[PDB]
$ cat my_file-v1.txt   # compact mmCIF, C-alpha atoms
# COMPACT_ATOMS: atom_id res chain seq x y z
CA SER A 1 131.75 111.85 95.71
CA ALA A 2 127.99 111.59 95.20
CA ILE A 3 127.31 110.84 98.89
CA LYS A 4 128.10 113.71 101.28
CA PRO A 5 129.11 112.99 104.90
CA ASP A 6 125.82 114.62 105.98
CA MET A 7 122.66 113.82 104.04
CA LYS A 8 119.01 114.68 104.44
CA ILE A 9 116.35 112.00 104.12
CA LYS A 10 112.77 112.41 102.91
CA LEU A 11 110.36 109.50 102.94
CA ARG A 12 106.75 108.62 102.19
CA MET A 13 105.22 105.25 103.07
CA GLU A 14 101.85 104.12 101.76
CA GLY A 15 100.71 100.97 103.47
CA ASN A 16 97.94 98.50 104.07
CA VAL A 17 98.10 96.06 106.98
CA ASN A 18 95.27 93.59 107.65
CA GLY A 19 93.11 95.80 105.44
CA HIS A 20 93.93 99.07 107.23
CA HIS A 21 95.28 101.77 104.88
CA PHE A 22 97.78 104.36 106.09
CA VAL A 23 100.30 106.97 104.94
CA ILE A 24 103.40 108.00 106.92
CA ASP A 25 105.80 110.85 106.02
CA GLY A 26 109.41 110.90 107.19
CA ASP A 27 111.99 113.65 107.51
CA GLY A 28 115.46 112.78 108.76
CA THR A 29 119.23 113.16 108.54
CA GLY A 30 122.17 110.83 108.66
CA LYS A 31 125.88 110.19 108.23
CA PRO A 32 126.31 107.58 105.47
CA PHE A 33 129.96 106.82 106.25
CA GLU A 34 129.27 106.27 109.97
CA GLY A 35 126.24 104.08 109.21
CA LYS A 36 123.94 106.23 111.36
CA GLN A 37 120.59 107.86 110.60
CA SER A 38 117.61 109.38 112.42
CA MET A 39 114.09 110.09 111.17
CA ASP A 40 111.00 111.92 112.42
CA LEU A 41 107.88 110.06 111.31
CA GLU A 42 104.27 111.22 111.27
CA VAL A 43 101.14 109.24 110.41
CA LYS A 44 99.30 111.43 107.87
CA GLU A 45 96.44 109.08 107.02
CA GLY A 46 94.90 106.16 108.88
CA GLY A 47 95.93 107.10 112.41
CA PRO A 48 95.80 105.81 115.04
CA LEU A 49 97.38 102.64 113.65
CA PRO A 50 95.76 99.49 115.10
CA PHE A 51 98.99 97.46 114.82
CA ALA A 52 102.51 97.49 116.28
CA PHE A 53 104.53 100.33 114.77
CA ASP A 54 107.66 98.11 115.02
CA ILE A 55 106.64 96.01 112.01
CA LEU A 56 107.18 99.12 109.84
CA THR A 57 110.45 100.46 111.17
CA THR A 58 112.98 98.60 109.01
CA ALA A 59 111.15 99.87 105.94
CA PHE A 60 111.93 103.44 107.13
CA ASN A 61 118.43 102.40 103.04
CA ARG A 62 121.70 100.43 103.21
CA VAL A 63 123.61 103.56 102.15
CA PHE A 64 123.47 104.21 105.90
CA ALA A 65 125.93 101.46 106.78
CA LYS A 66 129.62 101.87 107.56
CA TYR A 67 131.52 99.87 104.92
CA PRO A 68 135.23 99.12 105.34
CA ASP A 69 137.51 99.89 102.40
CA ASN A 70 137.97 96.18 101.54
CA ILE A 71 134.28 95.39 100.94
CA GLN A 72 132.56 96.67 97.81
CA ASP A 73 129.90 99.22 98.87
CA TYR A 74 127.17 98.51 96.30
CA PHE A 75 124.80 101.02 97.88
CA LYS A 76 127.02 104.08 97.89
CA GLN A 77 128.14 103.13 94.35
CA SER A 78 124.47 103.12 93.26
CA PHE A 79 124.30 106.91 93.38
CA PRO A 80 123.59 109.50 92.11
CA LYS A 81 120.99 107.46 90.09
CA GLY A 82 119.91 105.33 93.06
CA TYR A 83 118.59 101.83 93.68
CA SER A 84 115.53 99.96 94.89
CA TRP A 85 114.85 97.09 97.23
CA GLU A 86 112.04 94.62 97.86
CA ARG A 87 111.60 92.73 101.14
CA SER A 88 109.51 89.89 102.54
CA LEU A 89 108.89 89.87 106.30
CA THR A 90 107.56 86.45 107.34
CA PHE A 91 106.41 86.34 110.97
CA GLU A 92 106.27 83.04 112.83
CA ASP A 93 102.52 83.23 113.54
CA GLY A 94 101.72 83.56 109.82
CA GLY A 95 101.66 87.34 109.49
CA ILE A 96 103.25 88.21 106.13
CA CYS A 97 104.48 91.59 104.95
CA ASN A 98 105.99 92.77 101.69
CA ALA A 99 107.79 96.10 101.38
CA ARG A 100 109.58 98.04 98.68
CA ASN A 101 111.61 101.26 98.53
CA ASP A 102 112.61 103.25 95.45
CA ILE A 103 115.49 105.48 96.50
CA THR A 104 116.75 108.49 94.56
CA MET A 105 119.11 111.38 95.27
CA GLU A 106 118.81 115.10 94.58
CA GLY A 107 121.69 117.19 95.92
CA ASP A 108 122.15 116.40 99.60
CA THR A 109 118.74 114.67 99.95
CA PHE A 110 117.67 111.02 99.64
CA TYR A 111 114.04 110.56 98.56
CA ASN A 112 112.28 107.31 99.49
CA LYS A 113 109.04 106.04 97.95
CA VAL A 114 108.03 103.18 100.25
CA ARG A 115 105.18 100.69 99.86
CA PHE A 116 104.19 98.38 102.72
CA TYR A 117 101.64 95.54 102.65
CA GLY A 118 100.73 93.20 105.48
CA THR A 119 98.18 90.44 105.89
CA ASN A 120 97.23 87.37 107.95
CA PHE A 121 98.13 88.89 111.33
CA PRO A 122 96.02 87.18 114.03
CA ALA A 123 93.66 89.52 115.88
CA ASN A 124 95.04 88.29 119.23
CA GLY A 125 98.71 88.25 118.17
CA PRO A 126 101.39 90.63 119.40
CA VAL A 127 101.21 92.84 116.29
CA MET A 128 97.47 93.60 116.35
CA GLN A 129 97.60 93.75 120.17
CA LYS A 130 100.59 96.15 120.15
CA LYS A 131 102.69 94.06 122.54
CA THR A 132 106.08 94.56 120.86
CA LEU A 133 109.00 96.33 122.54
CA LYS A 134 111.86 96.43 120.01
CA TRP A 135 113.78 94.55 117.34
CA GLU A 136 116.80 92.72 118.68
CA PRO A 137 120.14 93.68 117.10
CA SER A 138 120.66 91.57 113.99
CA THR A 139 123.21 90.47 111.41
CA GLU A 140 122.14 90.64 107.77
CA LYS A 141 123.82 88.04 105.53
CA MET A 142 124.62 89.66 102.19
CA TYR A 143 125.26 87.44 99.20
CA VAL A 144 124.70 87.18 95.44
CA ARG A 145 122.53 84.37 94.15
CA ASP A 146 121.50 84.15 90.50
CA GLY A 147 123.01 87.59 89.91
CA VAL A 148 120.81 89.27 92.54
CA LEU A 149 122.24 90.96 95.61
CA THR A 150 120.31 89.49 98.55
CA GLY A 151 120.23 90.04 102.29
CA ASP A 152 118.79 87.41 104.66
CA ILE A 153 118.10 88.08 108.36
CA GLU A 154 116.62 85.99 111.17
CA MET A 155 114.97 88.85 113.05
CA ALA A 156 113.29 88.83 116.46
CA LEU A 157 110.89 91.25 118.15
CA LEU A 158 111.17 91.48 121.91
CA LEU A 159 107.68 91.31 123.45
CA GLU A 160 106.27 92.40 126.77
CA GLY A 161 107.01 89.60 129.20
CA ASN A 162 110.42 89.09 127.48
CA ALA A 163 109.25 86.48 124.97
CA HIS A 164 110.52 86.78 121.40
CA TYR A 165 108.54 86.84 118.16
CA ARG A 166 110.51 85.61 115.14
CA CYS A 167 110.51 87.12 111.67
CA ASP A 168 112.52 86.05 108.61
CA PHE A 169 113.66 88.86 106.28
CA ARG A 170 114.74 88.47 102.69
CA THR A 171 115.62 91.65 100.78
CA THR A 172 116.76 91.91 97.18
CA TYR A 173 118.69 95.04 96.15
CA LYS A 174 119.09 96.45 92.63
CA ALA A 175 120.93 99.52 91.37
CA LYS A 176 119.12 101.56 88.73
CA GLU A 177 122.29 102.05 86.68
CA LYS A 178 123.59 99.10 84.69
CA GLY A 179 126.95 97.63 85.60
CA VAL A 180 127.32 98.59 89.27
CA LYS A 181 129.83 96.07 90.61
CA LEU A 182 128.31 93.48 92.94
CA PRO A 183 130.03 92.89 96.31
CA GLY A 184 131.44 89.67 97.64
CA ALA A 185 129.58 87.82 100.39
CA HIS A 186 129.62 89.77 103.67
CA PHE A 187 127.52 90.80 106.69
CA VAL A 188 125.86 93.97 107.98
CA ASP A 189 125.23 94.36 111.72
CA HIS A 190 122.11 96.41 112.49
CA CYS A 191 120.46 97.95 115.49
CA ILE A 192 117.25 99.95 115.27
CA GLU A 193 115.58 101.93 118.06
CA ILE A 194 112.38 103.90 118.58
CA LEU A 195 113.83 106.93 120.44
CA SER A 196 110.48 108.59 121.18
CA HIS A 197 106.78 108.42 120.29
CA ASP A 198 103.48 109.99 121.22
CA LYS A 199 100.63 108.02 122.78
CA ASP A 200 99.12 106.56 119.60
CA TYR A 201 102.41 106.40 117.64
CA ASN A 202 101.15 109.11 115.27
CA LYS A 203 104.60 110.67 115.79
CA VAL A 204 107.73 108.53 116.18
CA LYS A 205 111.46 109.30 116.26
CA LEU A 206 113.60 106.46 114.91
CA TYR A 207 117.32 105.62 114.76
CA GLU A 208 119.49 102.98 113.06
CA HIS A 209 123.19 102.10 113.28
CA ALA A 210 124.65 99.65 110.75
CA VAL A 211 128.20 98.40 110.18
CA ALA A 212 129.37 96.04 107.44
CA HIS A 213 132.01 93.39 108.06
CA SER A 214 133.46 90.22 106.58
CA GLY A 215 133.08 86.75 108.09

$ encode --input "my_file-v1.txt" --output "structure tokens"
Amino acid sequence: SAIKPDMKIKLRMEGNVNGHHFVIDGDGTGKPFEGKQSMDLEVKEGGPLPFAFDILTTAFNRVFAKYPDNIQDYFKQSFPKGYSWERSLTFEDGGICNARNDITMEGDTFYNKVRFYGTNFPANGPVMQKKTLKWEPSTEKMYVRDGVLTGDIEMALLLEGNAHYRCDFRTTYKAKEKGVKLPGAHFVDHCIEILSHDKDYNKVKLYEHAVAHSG
């Protein structure tokens, strides 16, 4: 009832990656029950970014995942009050990112306060050299450990030359309201795509499709 079939999405990200500060605003729309969403993104501060835009894109809401009726949908049940998540992104060459999103709802709009921090990226690595092409489609393993809803993903960035660049994700998810029922163990399939961008990635159009399933 709280989630409409068509929702607007507003987002602000404040970030610092290898010491470079930036701010990115997002304005988008999506269909929560189809697990689809699109966002227009614009670097407001700190452009042009000197690192691969792809490291940021999964920080730009698991409400936008199609859940079948026989899996508890913790994220849609988190509203209207909302929920927050925190994520570690551990890249195989030692680059480390931490991200967080505080998500609220007002009417038909999701608001997203995103923080992004990154460090230890090598100067000659694919992130600082902007040699990434896309994230491969992934499967997020959702489980509850120690009372905390957790999603683990073994992610991979496709690079120019067709090599892959591995990144481990761990996200913890927490409803703001007490007593939201936790789900059983399950999986969420994800794909994420940069649809368009300008030369310096000051403007980017982004899309995600996510579908939950059992084992």

$ closest_atom_pairs --input "my_file-v1.txt" --of "stretch 3-81 of chain A" --to "stretch 99-112 of chain A" --cutoff "6 Å" --atoms "only C-alpha atoms" --output "JSON lines"
{"residue": "A:7", "atom": "CA", "partner": "A:108", "partner_atom": "CA", "distance": 5.2}
{"residue": "A:8", "atom": "CA", "partner": "A:109", "partner_atom": "CA", "distance": 4.5}
{"residue": "A:9", "atom": "CA", "partner": "A:110", "partner_atom": "CA", "distance": 4.8}
{"residue": "A:10", "atom": "CA", "partner": "A:111", "partner_atom": "CA", "distance": 4.9}
{"residue": "A:11", "atom": "CA", "partner": "A:112", "partner_atom": "CA", "distance": 4.5}
{"residue": "A:80", "atom": "CA", "partner": "A:105", "partner_atom": "CA", "distance": 5.8}

$ closest_atom_pairs --input "my_file-v1.txt" --of "stretch 159-191 of chain A" --to "stretch 42-64 of chain A" --cutoff "12 Å" --atoms "only C-alpha atoms" --output "Markdown table"
| residue | atom | partner | partner_atom | distance |
| --- | --- | --- | --- | --- |
| A:159 | CA | A:52 | CA | 10.8 |
| A:165 | CA | A:55 | CA | 11.2 |
| A:166 | CA | A:55 | CA | 11.5 |
| A:167 | CA | A:55 | CA | 9.7 |
| A:169 | CA | A:58 | CA | 10.1 |
| A:171 | CA | A:59 | CA | 10.7 |
| A:172 | CA | A:62 | CA | 11.5 |
| A:173 | CA | A:62 | CA | 9.4 |
| A:174 | CA | A:62 | CA | 11.6 |
| A:175 | CA | A:63 | CA | 11.8 |
| A:187 | CA | A:62 | CA | 11.8 |
| A:188 | CA | A:62 | CA | 9.0 |
| A:189 | CA | A:62 | CA | 11.0 |
| A:190 | CA | A:58 | CA | 10.0 |
| A:191 | CA | A:58 | CA | 9.9 |

$ closest_residue --input "my_file-v1.txt" --among "A:114, A:155, A:149, A:71" --to "residue A:213" --atoms "only C-alpha atoms"
A:71

$ residues_around --input "my_file-v1.txt" --residues "stretch 201-210 of chain A" --least-positions-apart "2" --cutoff "6 Å" --atoms "all atoms listed in the file" --output "VMD selection string"
chain A and resid 35 to 43 65 189 to 199

$ atom_distance --input "my_file-v1.txt" --atom1 "atom CA of residue A:29" --atom2 "atom CA of residue A:75"
17.1 Å

$ atom_distance --input "my_file-v1.txt" --atom1 "atom CA of residue A:122" --atom2 "atom CA of residue A:23"
22.2 Å

$ residues_around --input "my_file-v1.txt" --residues "residue A:81" --least-positions-apart "2" --cutoff "8 Å" --atoms "only C-alpha atoms" --output "list in words"
residues 78, 79, 83, 104, 105, 176 and 177 of chain A

$ closest_residue --input "my_file-v1.txt" --among "A:151, A:2, A:157, A:123" --to "residue A:85" --atoms "only C-alpha atoms"
A:151

$ closest_residue --input "my_file-v1.txt" --among "A:126, A:179, A:19, A:95" --to "residue A:158" --atoms "all atoms listed in the file"
A:126

$ closest_residue --input "my_file-v1.txt" --among "A:28, A:15, A:68, A:184" --to "residue A:142" --atoms "only C-alpha atoms"
A:184

$ atom_distance --input "my_file-v1.txt" --atom1 "atom CA of residue A:131" --atom2 "atom CA of residue A:152"
25.0 Å

$ axis_aligned_box --input "my_file-v1.txt" --around "stretch 45-50 of chain A" --padding-each-side "4 Å" --output "JSON"
{"center_x": 96.1, "center_y": 104.3, "center_z": 111.1, "size_x": 10.5, "size_y": 17.6, "size_z": 16.1}

$ closest_residue --input "my_file-v1.txt" --among "A:211, A:94, A:183, A:77" --to "residue A:138" --atoms "all atoms listed in the file"
A:211

$ closest_residue --input "my_file-v1.txt" --among "A:182, A:133, A:3, A:148" --to "residue A:161" --atoms "all atoms listed in the file"
A:133

$ residues_around --input "my_file-v1.txt" --residues "residue A:117" --least-positions-apart "2" --cutoff "7 Å" --atoms "only C-alpha atoms" --output "MDAnalysis selection string"
chainID A and resid 15:17 97:99 115 119
